[PDB]
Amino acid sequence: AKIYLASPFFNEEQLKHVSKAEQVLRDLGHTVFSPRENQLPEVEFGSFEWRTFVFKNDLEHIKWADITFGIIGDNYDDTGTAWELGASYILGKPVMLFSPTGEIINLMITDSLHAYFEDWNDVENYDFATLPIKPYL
């Protein structure tokens, strides 16, 4: 499948999780769009133009993807990821979530997920072809 990796990527622990998710999913044969690899170094970093193109390229890759794969733990920086999960739900993309902390996530996110994971071995054995439901409970 084509997967949009929705996760922050600004500190060491966030990068650990994104890096692993890139590795697990790509090693399964999936095409993963990971926003940290597309910083758009063609316009001025942080300009209005840069903000606009980052948004447009990320949103257009959520629409391009088959599945949105999110990562949310306790690094309370989840506002961009949360937005992209909500957008993905309305766009009709199956939403998957990996939580490293295994904590309690907001109702709107958990109720919208199609598959929820807390260990990478379960992602590695999940049937992306038939896409079985694995709800948060």
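Numbers for residues come from their place in the sequence shown, where the first is 1.
Averaged over Cα atoms, the B-factor as recorded in the entry is higher for 30 to 38 than for the other of 62 to 70 and 30 to 38. Relative to its counterpart among 79 to 87 and 93 to 101, 93 to 101 has the higher mean temperature factor, C-alpha atoms as listed in the PDB entry. Across the residues 1, 131, 6, 137, the deposited record lists the maximum Cα B factor for 137. Ranked within its chain, residue 115 lands in the lowest third, by CA B factor from the PDB record. Among all modelled residues in this chain, the alpha-carbon of residue 54 has a temperature factor (C-alpha) in the lowest third. The deposited CA B-factor of residue 107 belongs to the middle third of values across its chain.
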